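Chains as they are written, first to last, in the entry's author numbering: chain A, 21 to 253; chain B, 21 to 253.
For reference, the structure is listed below as structure tokens.
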């Protein structure tokens with residue numbers, strides 16, 4: 021297909037686009053709200069600044085597509101392939117991303133407020149400055165992602181893999197870290213106040229770095245907090 | 021006896037003054053060293069700046085005596101009664117004070133270096149500025165004592181009673197605090213580095229105030245340290 025016809029079909033009211041092959045199309049600024057694109061081929065497409073609010077995209081191939089600044093509020097992205105896509109400043113508020121492939125996508129300054137990321141693969145993605153406030157990250161793979169100054173206050177990180185992630189200056193207030201793997205993560209300036217750390221695997225350096233006021237912790241973890249401040253046993 | 025006869029007997033070489041009643045005497049500056057005054061009644065005596073080095077004072081009644089500036093180096097004070105005495109700026113280094121009564125005495129700027137204070141009652145005394153370096157305070161009673169800026173480094177405080185004591189800015193480095201009771205004590209600016217706290221009864225506010233680098237602690241104490249900084253259990 022080509023750009024003219026897809027702009028023109030939607031304006032006539034066609035919303036069922038699923039399985040269509042739109043590979044590398046130039047769809048910038050296109051207002052696509054409510055379209056059913058699930059299982060489409062959007063590889064390397066330019067959706068930059070597109071309006072995809074409430075779309076059905078699940079299992080689409082968006083790998084390396086330019087979504088920067090697109091409107092994805094409440095869209096259905098479950099099990100999509102976004103690997104390497106450009107989502108910076110995109111609006112994913114409330115979207116469904118569970119089990120999606122986000123590896124190495126650029127999420128800088130995007131908005132994932134209350135989105136569903138359960139079991140997604142975020143490894144190596146750039147989330148710098150993002151707002152995930154209250155999102156569902158249970159069981160996601162955040163190996164080496166950049167979360168500097170990301171807003172996770174209140175999110176569910178239970179069982180996520182944060183090994184080697186960058187949490188510097190990140191807002192974690194009231195988040196759930198239960199059963200997380202924090203080995204290797206930079207916690208410089210991180211705010212863990214009131215978070216739930218119980219069961220997590222953390223490096224001792226976390227204790228000297230993140231503000232823990234009100235954090236919930238294990239006995240074995242509480243011991244290591246003190247030992248991290250010099251107390252001998 | 022009177023002042024003339026006790027000074028004159030001493031110059032003749034008589035050292036046996038024990039059980040004699042010298043009450044309220046003016047002995048200022050008098051060199052009495054090595055004298056046996058044990059079981060004397062020295063109540064309200066003026067002994068200020070007298071030279072008593074290696075004297076035998078044990079079981080004397082010195083309560084409310086003016087000992088200011090006296091030289092007690094290696095004197096035997098065992099079980100003496102010093103209640104309310106003025107000892108300020110005295111040198112007690114190496115004396116034997118075990119089981120003596122020092123309650124409500126003024127020890128300001130004294131030197132107790134390496135003295136034996138085991139079981140003594142120091143309650144309510146003003147130890148502001150005193151030097152207890154390496155002393156044996158095991159089992160002593162420091163109830164409500166004022167220890168501001170006193171030097172306790174290396175002392176044995178195991179099982180002593182520090183309840184309601186003022187430890188503000190006091191040096192405790194490497195002291196033995198095993199089983200001691202610090203409840204109610206001001207630990208502001210206190211330096212507890214390398215001390216052994218195991219078994220001690222402490223307030224959570226002790227953990228927030230006193231420098232604890234390297235101190236030895238219980239399993240249960242490490243937790244109570246952590247919780248003192250906000251970690252919830």
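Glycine residues also receive a C-beta, built at the ideal position from the N, C-alpha and C atoms.
- Considering only beta carbons, no part of the stretch 194-211 of chain A lies closer than 7 Å to chain B.
- A distance below 6 Å between beta-carbons, with the five flanking residues on each side excluded, links residue 71/B to the following residues of its chain, in chain order: 51, 53, 91.
- Those residues of the stretch 211-234 of chain A placed with their C-beta closer than 7 Å to a C-beta in chain B are 232, 233, 234, ordered along the chain.
- Using beta-carbon distances, residue 192/A does not count as an interface residue toward chain B, since no partner is under 8 Å.
- Under the three-state reduction of DSSP, residue 240/B is assigned to helix.
- Collapsing the DSSP output to three states places residue 151/A in a strand.
- Using a 10 angstroms sphere on the CB of residue 233/B, the tally of other CB atoms stays under 16, which defines it as exposed.
- The residue among 197/B, 250/B, 201/B, 113/B with its C-alpha nearest the C-alpha of residue 212/A is 250/B.
- Looking at 244/B, 176/B, 220/B, 142/B, the one whose alpha-carbon comes closest to that of residue 193/B is 176/B.
- Cβ contact annotation for residue 231/A (same chain, cutoff 6 Å, sequence separation greater than five): 211, 213, in chain order.
- Ranked by how close their Cα comes to the Cα of residue 86/A, the residues 99/A, 174/A, 105/A have 105/A in first place.
- The Cβ-Cβ distance between residue 253/A and residue 222/A does not fall below 8 Å.
- Residue-level contact by beta carbon holds for residue 253/A and chain B, with a gap shorter than 8 Å.
- Counting along the chain, no alpha helix (DSSP H) covers residue 249/A, and no H or E run does either.
- In the DSSP annotation of this structure, residue 84/B is not part of any alpha helix (DSSP H), being labelled neither H nor E.
- Residue environment analysis places residue 239/B among the exposed positions, since fewer than 16 neighbouring C-beta atoms fall within 10 angstroms of its C-beta.
- Contact annotation, residue 163/B with residue 181/B: C-beta distance approximately 6 Å; criterion of less than 8 Å satisfied.
- Close to residue 243/B, with beta-carbon spacing below 8 Å, are these residues of chain A in chain order: 239, 242, 243, 246.
- In terms of Cβ geometry, residue 145/B and residue 161/B do not form a close pair [threshold 8 Å].
- The C-beta separation of residue 78/A from residue 96/A comes to about 5 Å, placing the pair in contact by the 8 Å criterion.
- Annotation: Cβ neighbours of residue 250/A in chain B (cutoff 7 Å, chain order): 232, 233, 234.
- The DSSP-derived three-state label of residue 206/B is strand.
- By the neighbour-count criterion, in which a residue is buried when 16 or more other Cβ atoms sit within 10 angstroms of its Cβ, residue 118/B is buried.
- Listed as beta-bridge partners of residue 211/A by DSSP are 191/A, 231/A.
- Here the alpha carbon of residue 41/A sits roughly 9 Å from the alpha carbon of residue 63/A.
- In the DSSP assignment, residue 180/B falls outside any alpha helix (DSSP H), carrying neither H nor E.
- For the pair residue 169/A and residue 195/A, the CB atoms are not nearer than the 8 Å cut-off.
- Membership of residue 25/B in the alpha helix (DSSP H) is indicated by the continuous run 23-31.
- Residue burial is scored here from C-beta neighbours: residue 206/A has at least 16 other C-beta atoms within 10 angstroms and is therefore classed as buried.
- The alpha carbon of residue 112/A has as its nearest neighbour, out of 208/A, 236/A, 99/A, 89/A, the alpha carbon of 89/A.
- The C-beta distance from residue 147/A to residue 120/A rounds to 14 Å, too long to meet the 8 Å contact threshold.
- For residue 47/A, the closest of 28/A, 39/A, 34/A, 36/A by C-alpha to C-alpha distance is 28/A.
- For residue 36/B and residue 66/B, the gap between their C-alpha atoms comes out near 20 Å.
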